[PDB]
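Here the structure comes first, spelled out in structure tokens, and everything after it is commentary.
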Amino acid sequence: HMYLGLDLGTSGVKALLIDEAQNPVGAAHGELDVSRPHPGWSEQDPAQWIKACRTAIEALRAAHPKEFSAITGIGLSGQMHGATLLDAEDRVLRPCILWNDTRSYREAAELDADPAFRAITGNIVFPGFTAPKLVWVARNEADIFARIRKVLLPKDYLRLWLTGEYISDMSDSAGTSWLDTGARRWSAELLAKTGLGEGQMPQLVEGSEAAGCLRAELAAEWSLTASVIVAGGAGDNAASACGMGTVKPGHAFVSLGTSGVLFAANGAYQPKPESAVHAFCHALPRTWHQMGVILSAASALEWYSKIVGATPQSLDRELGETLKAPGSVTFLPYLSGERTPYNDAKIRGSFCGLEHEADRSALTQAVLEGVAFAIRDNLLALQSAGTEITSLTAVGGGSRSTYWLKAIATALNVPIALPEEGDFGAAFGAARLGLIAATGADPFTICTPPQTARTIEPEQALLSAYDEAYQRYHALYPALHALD
């Protein structure tokens, strides 16, 4: 038996093929471009998704033809929030409006101020969510709005091509701002407020349950031996968490990507939009998750490196592998504002405590310390929303810095598990969801954590100094916020 995962990301489509024991067999990539016609716009032709997916599938089938033909289930993963508008004949009315589009800032401000949206979704309405984009379309592209017969998120448009059905999973649809996240059902009240009805939404399923069969023309185009089940799938965050084993309550991963993400799986729906944490359904039934977002994590270090004319890897190499006690320099990483926990668009980044003796390495250190402190601010927000994080697992580019991991562990006083090498991301979670739907296995027995490479324990000697420095970082925000 074989299982295929398709991750439709913003930069490309990843195809991952695994066997019954969840060992990778092969993988292929199809490139994607992003169109930015106007300031704040971010679009993609849904046809490009299919050409990219076709590129990676046949490239995979041509390298593993016998193994590809033994595929019994397919799992999907996608970039969240994207708005794909289809007419009565499933034609694409306009390019998909992606998660990093901000042209709807006015409409999202209007929806966020309507108390129904946080009460029913449990989340802030940001302009990158699906709901504000559809008010945008109704006001600026009204001819396209009148012809809307379905609104699909990207991975679900791919499923429409694969299966011919209109279906979405709970975790991706909680990102539309149309879902009653706690009830795992569409909200008619929220749909009416943006000018749509439930018949223009796809049908909802759990990410791990069976949600369509592969169309026969496609089953023969790649020579599929059996009835191929397509899983519900997940949004990329929830997909990634399924790949990582982050599905039981209190289990968390921190992603040191361009933006920081603190992902915690929950046993119940636990919203806290007042502290700007996200609460979404997970890909597994009767399961939720929280998401703390740090708007500048690795990009804060990229920013500093462009200033001082080095690369992150050289700055990390210059600082070293041994954790140092914080100095007088403090870095607030709010180069783009901050999301969790203040939802503050006006605040900005800052170095404080500058001394003549602070060299380039000392400021590098304060950048890593400061992002670590933002993560600790995120963990505190999650704890105020009923979650206790016991063990934390680290991924993303920044997790390649031993200094950064020791800093984050000492700032949180939790050990951080660093995985063995492999792809345990969105495409692997998608493959796992395909394995779960095809076999009907208990999804919690499939989505296991990876083997741990190294475990970074908190530096007991520096725990107190990190508290002292954390409090400095924390006191800087209300002082600077008073000036905005």
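Cβ coordinates were reconstructed from backbone atoms using ideal geometry, including for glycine residues, and neighbour counts include every protein chain displayed. Taken together, the values in this text are just the output of simple stated rules run on the coordinates, not laboratory data.
For the stretch 29-85 and the stretch 329-402, what is the separation of their Cα centres, given in Å?
Distance between centres, Cα-based: 33 Å.
Can you give me the angle between helix 46-63 and the longest principal axis of the chain, using Cα atoms only, in degrees from 0 to 90, rounded to the nearest 10?
Relative to the chain, helix 46-63 is tipped by roughly 90 degrees.
Quote the FRET efficiency, to the nearest 0.05, computed for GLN471 versus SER336 with a Förster distance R0 of 30 Å and r equal to the Cβ-Cβ distance.
The value I calculate is 0.80.
What spacing in nm lies between the two simple spin-label points modelled at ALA59 and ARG106, each 7 Å away from Cα in the Cβ direction?
Using points 7 Å along Cα→Cβ, the separation is 4.2 nm.
Sticking with the crude label model, points 7 Å out along Cα→Cβ, report the distance from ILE307 to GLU274 in nm, one decimal please.
A separation of 3.5 nm, rounded to one decimal place.
How far is helix 426-439 tilted off the main Cα axis of the chain, in degrees rounded to 10, range 0 to 90?
40 degrees
Within 10 Å, count the other beta carbons around each residue, average over each peptide in 156-164, 432-440, and list them highest first.
432-440, 156-164
I need the phi-derived Karplus couplings for the stretch 167-173: 6.51 cos²θ - 1.76 cosθ + 1.60, θ = phi - 60°, integer Hz, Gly and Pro marked x.
Ordered by residue, 3J(HN,Hα) equals 9, 9, 9, 4, 6, 6, 7 Hz.
Given a cut-off of 36 Å, what percent of all Cα-Cα pairs of the chain lie beyond it?
Roughly 29 percent, rounded to a whole number.
Under 13 Å from the 7 Å Cα→Cβ point of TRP41, by amide nitrogen: which residues of the stretch 113-144?
Flagged as within label range: 137, 140-141.
I'd like the distance separating the alpha-carbon centroids of the stretch 134-194 and the stretch 249-307, in whole Å.
The stretch 134-194 and the stretch 249-307 have Cα centres spaced 23 Å from each other.
Using a Förster radius of 51 Å, what is the FRET efficiency between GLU221 and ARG139 based on their Cβ-Cβ separation? Nearest 0.05, please.
About 0.80, to the nearest 0.05.
By how many nm would the segment from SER350 to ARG317 lengthen if fully extended, with 0.36 nm per residue of separation less the alpha-carbon distance?
Length gained, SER350 through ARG317: 9.5 nm.
With each pseudo-label sitting 7 Å past Cα toward Cβ, what's the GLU165-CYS213 distance in nm, one decimal?
Placing both labels 7 Å beyond Cα along the Cβ direction yields 1.0 nm.
Out of residues 5 or more away from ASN266 or on other chains, whose amide H comes under 5 Å of its own, with H placed 1.01 Å from N in the peptide plane?
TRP288, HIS289, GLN290
How much FRET efficiency would the formula 1/(1 + (r/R0)^6) give for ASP87 and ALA461, where r is the Cβ-Cβ distance and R0 is 56 Å, rounded to 0.05?
Computed FRET efficiency for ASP87 and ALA461 comes out at 0.30.
Tell me the GluC sites (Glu not before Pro) within the stretch 315-380 that lie in a loop according to DSSP and have at most 12 other beta-carbon atoms within 10 Å. Intermediate values should be presented prior to the final figure.
Values: sites: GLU318, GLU321, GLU338, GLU355, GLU357, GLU369; in loops: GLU321, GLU355, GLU357.
Within the stretch 315-380, the qualifying GluC sites (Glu not before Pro) (loop, at most 12 other Cβ atoms within 10 Å) are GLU321, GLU355, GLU357.
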